[PDB]
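Report on the following structure.
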Amino acid sequence: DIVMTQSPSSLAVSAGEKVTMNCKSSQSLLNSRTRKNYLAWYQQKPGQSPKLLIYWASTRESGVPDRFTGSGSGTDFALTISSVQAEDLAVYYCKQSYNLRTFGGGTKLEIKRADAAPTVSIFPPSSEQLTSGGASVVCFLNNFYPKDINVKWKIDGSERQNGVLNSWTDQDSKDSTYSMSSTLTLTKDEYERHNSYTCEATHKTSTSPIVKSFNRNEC
Amino acid sequence: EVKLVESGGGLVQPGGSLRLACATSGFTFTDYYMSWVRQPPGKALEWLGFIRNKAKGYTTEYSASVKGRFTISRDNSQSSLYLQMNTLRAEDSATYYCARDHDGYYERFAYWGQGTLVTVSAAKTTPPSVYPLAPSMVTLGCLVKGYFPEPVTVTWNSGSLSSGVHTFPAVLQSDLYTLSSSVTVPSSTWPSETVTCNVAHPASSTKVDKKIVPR
Ligand SMILES: [Br-]
Ligand SMILES: [Br-]
Ligand SMILES: [Br-]
Ligand SMILES: [Br-]
Ligand SMILES: [Br-]
Numbered sequence: 006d007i008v009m010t011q012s013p014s015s016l017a018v019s020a021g022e023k024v025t026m027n028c029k030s031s032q033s034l035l036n037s038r039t040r041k042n043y044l045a046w047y048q049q050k051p052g053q054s055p056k057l058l059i060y061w062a063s064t065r066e067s068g069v070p071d072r073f074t075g076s077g078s079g080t081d082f083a084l085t086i087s088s089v090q091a092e093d094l095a096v097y098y099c100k101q102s103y104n105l106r107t108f109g110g111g112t113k114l115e116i117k118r119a120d121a122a123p124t125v126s127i128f129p130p131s132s133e134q135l136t137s138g139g140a141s142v143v144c145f146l147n148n149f150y151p152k153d154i155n156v157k158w159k160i161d162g163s164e165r166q167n168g169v170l171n172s173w174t175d176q177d178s179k180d181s182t183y184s185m186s187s188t189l190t191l192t193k194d195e196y197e198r199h200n201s202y203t204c205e206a207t208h209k210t211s212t213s214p215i216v217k218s219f220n221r222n223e224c
Numbered sequence: 224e225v226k227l228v229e230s231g232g233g234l235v236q237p238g239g240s241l242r243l244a245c246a247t248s249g250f251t252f253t254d255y256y257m258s259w260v261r262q263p264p265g266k267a268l269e270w271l272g273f274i275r276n277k278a279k280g281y282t283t284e285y286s287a288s289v290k291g292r293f294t295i296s297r298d299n300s301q302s303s304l305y306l307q308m309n310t311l312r313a314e315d316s317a318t319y320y321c322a323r324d325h326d327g328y329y330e331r332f333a334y335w336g337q338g339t340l341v342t343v344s345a346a347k348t349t350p351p352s353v354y355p356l357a358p359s360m361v362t363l364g365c366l367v368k369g370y371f372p373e374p375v376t377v378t379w380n381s382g383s384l385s386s387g388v389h390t391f392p393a394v395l396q397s398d399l400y401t402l403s404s405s406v407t408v409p410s411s412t413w414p415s416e417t418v419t420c421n422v423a424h425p426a427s428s429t430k431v432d433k434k435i436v437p438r
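So the protein lines, in turn, are chains A and B.
Per the working numbering: the first sequence = residues 6 to 224.
Per the working numbering: the second sequence = residues 224 to 438.
Laid out in structure tokens, this is it:
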């Protein structure tokens, strides 16, 4: 039961960079009858199934861009991308098929790009939700870079920490940005006791936050 | 075209069992080994086992992780692969993929299905409540709250709109998931053109459409 490793665990690369990632087997994967190494590379884009890139260590599957090259022999293998493109964000897995099958643990490739500030939009609780007693205030932060960002909620000018949950999309395959939602959830009765609700995003792009706000009583 | 389509996943109680199916087409099924592979949310692929081709007598092999507890079989008249998964526990929660394996010549998994999500939990099935999030570009959204299990499928306009959509990963709390989805369109088009959130939650047999009204 052959054991596979990969390194680095992640890499962050700009479009046009040359990158190499490594795979190691516990046993030689060289089949002496065929003189091929039974090691394959798979690309798994976010939310998608794995896709075959390379088999027999170095044979490119039909359709695969020629920027992908597999190399190595025996117990050491590599996948090299000559010039990374935005669409190449993925987790890359090696897999032996010399005796049974085993995947490595993956190398996550992320894309570095220029810093971009978010576009912010705020939404009051819907009237359907309010009718049944809950109040979720939603903030979207769109198309920004890098991923980490500070989002702060204020209610009548006072910071609110409790009840906030934040979720990020996978990196975009065209523009290499992230988006994220921030949802503040209160009871109707609490929501109705205040007026101004504000979402403030502070991004390494500026000391001045990007802000959106509404006043419940103007609804 | 080669096609592999998994089914039979979903929610299962601890200690239960499931039979996954993989319906294949577009190749001579009997010529191929067929594998099952799983992936816990956010973690690495794990090969589970295979069933060999006709040349090798359709014999099976399994990873140590599931050997003795899972059983792979195939129906060569119906070109279908199965995984009987017994005695389920928390570590069995994952996306399960079928893959077309070895033919006797090439050593590759050339085709994979879309995957079926298996959730091992005693928490109860609950349909979402879907709420509209109303406003050069304009951003609209829907909030998909308080459902269990995953997945939901969210589209924009029965799928009329994609380039500008962000459907956020759900978050679980007190046995329920919530997510949201945003979509951005030209204001030259809104509101002339209706924008509509489509939310499917097959576990609960919920399919809802929520029109976004200005407001
Ligand atoms: Br084997
Ligand atoms: Br594995
Ligand atoms: Br400032
Ligand atoms: Br093949
Ligand atoms: Br869509």
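No residue lacks a Cβ here, since even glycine has one placed at the ideal position from N, Cα and C.
Residue i: beta carbon under 7 Å from a heavy atom of ligand 2?
i	result
B/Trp-335	no
B/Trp-259	no
B/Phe-293	no
B/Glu-284	no
B/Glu-269	yes
Which term fits residue i, buried or exposed, when burial requires 16 or more other beta carbons within 10 angstroms of its beta carbon?
i	result
B/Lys-434	exposed
A/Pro-55	buried
B/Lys-430	exposed
B/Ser-352	buried
A/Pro-70	exposed
B/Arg-323	buried
A/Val-8	exposed
B/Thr-342	buried
A/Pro-130	buried
A/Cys-224	exposed
A/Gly-21	exposed
A/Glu-164	exposed
B/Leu-311	buried
B/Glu-269	buried
B/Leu-395	exposed
B/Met-360	exposed
B/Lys-368	buried
I need the straight-line Cα distance from residue i to residue j, nearest angstrom please.
i	j	result
B/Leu-340	B/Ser-316	8 Å
A/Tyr-60	A/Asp-6	20 Å
B/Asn-421	B/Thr-282	44 Å
B/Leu-363	B/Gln-301	45 Å
B/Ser-303	B/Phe-250	12 Å
B/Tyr-319	B/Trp-335	10 Å
B/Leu-399	B/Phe-391	15 Å
B/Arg-297	B/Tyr-329	21 Å
A/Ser-213	B/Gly-387	27 Å
B/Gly-338	B/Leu-271	14 Å
B/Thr-349	B/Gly-280	45 Å
A/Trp-173	A/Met-185	4 Å
B/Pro-263	A/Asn-222	46 Å
B/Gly-265	A/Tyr-47	16 Å
A/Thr-107	A/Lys-29	11 Å
A/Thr-39	A/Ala-62	13 Å
What is the C-beta distance between residue i and residue j, in whole angstroms, given that I count them as a contact (C-beta under 8 Å)?
i	j	result
A/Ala-119	A/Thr-25	That belief does not hold up - the Cβ atoms of A/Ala-119 and A/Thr-25 are roughly 24 Å apart, past 8 Å.
A/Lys-179	A/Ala-91	6 Å
A/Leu-191	A/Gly-168	6 Å
A/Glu-115	A/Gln-176	6 Å
B/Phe-371	B/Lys-347	7 Å
A/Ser-19	A/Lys-113	Contact flag wrong, Cβ pair sits at about 16 Å.
A/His-199	A/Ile-154	25 Å between Cβ atoms; not a contact.
Beta carbon of residue i: closer than 7 Å to some heavy atom of ligand 1?
i	result
A/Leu-105	yes
Is the closest heavy atom of ligand 3 to the C-beta of residue i under 7 Å?
i	result
A/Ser-87	no
Between residue i and ligand 4, is the CB less than 7 Å from at least one heavy atom?
i	result
B/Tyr-329	yes
B/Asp-298	no
A/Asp-71	no
At which residues does the alpha helix (DSSP H) containing residue i begin and terminate?
i	result
A/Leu-135	132-136
A/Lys-152	Looking at the DSSP string, A/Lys-152 is not in any alpha helix (DSSP H), and its letter there is neither H nor E.
A/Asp-81	Run containing A/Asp-81: none in the alpha helix (DSSP H); it sits in the beta strand (DSSP E), 81-86.
A/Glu-195	193-196
Along the chain, where does the beta strand (DSSP E) containing residue i start, and where does it finish?
i	result
B/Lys-226	226-230
A/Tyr-43	Unbroken run through A/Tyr-43: none, as it is neither H nor E.
B/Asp-298	293-298
A/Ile-7	Unbroken run through A/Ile-7: none, as it is neither H nor E.
A/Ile-127	124-128
B/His-325	Per DSSP, B/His-325 belongs to no beta strand (DSSP E) and is neither H nor E.
A/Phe-73	73-78
B/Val-375	That residue, B/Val-375, is in no beta strand (DSSP E); it is neither H nor E in DSSP.
A/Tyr-97	95-101
Could you check whether the Cβ of residue i sits closer than 7 Å to any heavy atom belonging to ligand 5?
i	result
B/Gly-382	yes
B/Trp-413	no
A/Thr-174	no
B/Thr-376	no
A/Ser-178	no
Any residue with its Cβ nearer than 6 Å to a heavy atom of ligand 6 should be included. What is that list in chain order? Among the ligands present in this structure, namely ligand 1, ligand 2, ligand 3, ligand 4 and ligand 5, ligand 6 is not found.
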